[PDB]
Amino acid sequence: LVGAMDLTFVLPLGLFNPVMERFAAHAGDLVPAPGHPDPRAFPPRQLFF
Amino acid sequence: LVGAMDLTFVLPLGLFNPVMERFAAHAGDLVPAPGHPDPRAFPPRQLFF
Amino acid sequence: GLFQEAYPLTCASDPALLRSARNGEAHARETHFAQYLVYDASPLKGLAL
Amino acid sequence: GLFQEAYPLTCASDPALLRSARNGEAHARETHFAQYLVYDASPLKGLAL
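If you check the header, you'll see the entry was determined by cryo-EM and the resolution is listed as 4.2 Å.

Undergrad: Residues and numbers for the interface of chain A and chain D, please.
TA: Listed by partner, the interface residues are 24 residues for chain A and 24 residues for chain D. Considering only the surface of chain A that becomes buried against chain D, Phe9, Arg40 and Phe48 of chain A emerge as the three largest contributors, covering 26% of it. Counting across the interface, chain A meets chain D through two salt bridges. Remark: the boundary between chain A and chain D carries eight residue pairs in polar contact. Grouping the amino acids of the side of chain A that touches chain D by side-chain chemistry returns 17 nonpolar, three polar and four charged.

Undergrad: Could you give an account of the side chain of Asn17 of chain A, naming the residues involved and the relevant values?
TA: Following the sequence through the fold, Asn17 of chain A ends up in the segment after β1 (9-10). A relative accessible area of 5% means that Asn17 of chain A is categorised as buried. A polar side-chain atom of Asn17 of chain A sits 3.3 Å from the main-chain carbonyl oxygen of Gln35 of chain D. Apart from residues lying up to four places away in sequence, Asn17 of chain A is in contact with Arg22 of chain A together with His32, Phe33, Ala34, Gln35 and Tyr36 of chain D.

Undergrad: Describe unusual backbone geometry, and please don't skip the residues or the numbers.
TA: Excluding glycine, residues mostly carry a negative phi; peptide bonds, for their part, are mostly trans. Residue and element names in this part refer to chain C. Look at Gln4: it is not a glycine, yet its phi comes out positive at around 50 degrees. Tracing the sequence through the fold places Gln4 in the segment before β1 (7-8). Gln4 gets classed as exposed once you look at its relative accessible area, which sits at 72%.

Undergrad: So, the side chain of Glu21 of chain A: which residues are in play, and what are the values?
TA: Tracing the backbone shows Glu21 of chain A in the segment after β1. The exposure class assigned to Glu21 of chain A is buried, which follows from its relative accessible area of 17%. With near-sequence residues (within four places) excluded, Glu21 of chain A lies in contact with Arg19 of chain C together with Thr31 and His32 of chain D.

Reading the values: rules and limits
Residues numbered from 1 in each chain as written, not as in the entry; some residues may be left out. Chains lettered and ligands numbered in written order. Part of a larger assembly, values for the part shown. Heavy atoms only, no water. Contact = heavy atoms within 4.5 Å. Buried area = accessible area lost by both parts, 1.4 Å probe. Salt bridge = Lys/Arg side-chain N within 4 Å of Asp/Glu carboxyl O. Polar contact = N/O pair within 3.5 Å; in protein donor to acceptor, adjacent residues only side chain to side chain. Nonpolar A, V, L, I, M, F, W, Y, C, P; charged D, E, K, R; others polar. Helix = DSSP H or I, 4+ residues; strand = E, 2+ residues; numbered from the N terminus. Buried < 20%, exposed > 50% of the residue type's maximum accessible area, 1.4 Å probe, protein only.

Have a look at this one:
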C-alpha cells in the first residue's frame, strides 16, 4: 500500500522578458551602490531554487 | 434539473483615458531601467484576461 | 435577454497591471499613465471563476 | 502519463527575488527589470516540502 509518485518539473534557464514586462516594482526597489552599474539589468544566465 | 447559463461579456480593446484620469498611483509606480523609453505611456493595443 | 446588457470581465491592458487584481477588490489599482483596468461585475463575483 | 505535461517549481533568477516567495503566494513579486519568478503549480502546494 506504500506507493510512489512520478512528478516531472520544468525550469527555464535563460529566457527574456517581453515588452510590457521590463519594469520595476518601485523606482527604488533593488538599487545597487552609487558609482556602480546595475548588475540586474544584464540579461539573465543563472537560476536559483 | 441540471440547467445552463448564457452570460455574455464585454471587453474594450483600444480605448484611451480622459483628461482627469491620466496619472500614476505614485511617482515611482512602474518605472523601467534608466536610459530607456516608457512602454507604459503609449496608447494600449493589447488585452489580457 | 431582459436587460439588453452584458457584463464586464477582469480585464486590463498590462499584464503587470492585472496582477494586482488577483487579491481582491479594495487593493487593486486601476489606472496608470495610459492604462486601464476593468474589475468585473458578474454573477461570478464570489465564486472561484 | 495521461496529460503529457509537467509542473513548475518555485524558481527565479535572482537570489534576492526568491526570498519574497517564502512569505506566501500573494505577496511575492514576480518580475524585475530583466529578471523573473516562476511560482509552483504542483500537488506540493499545500505541503511542507
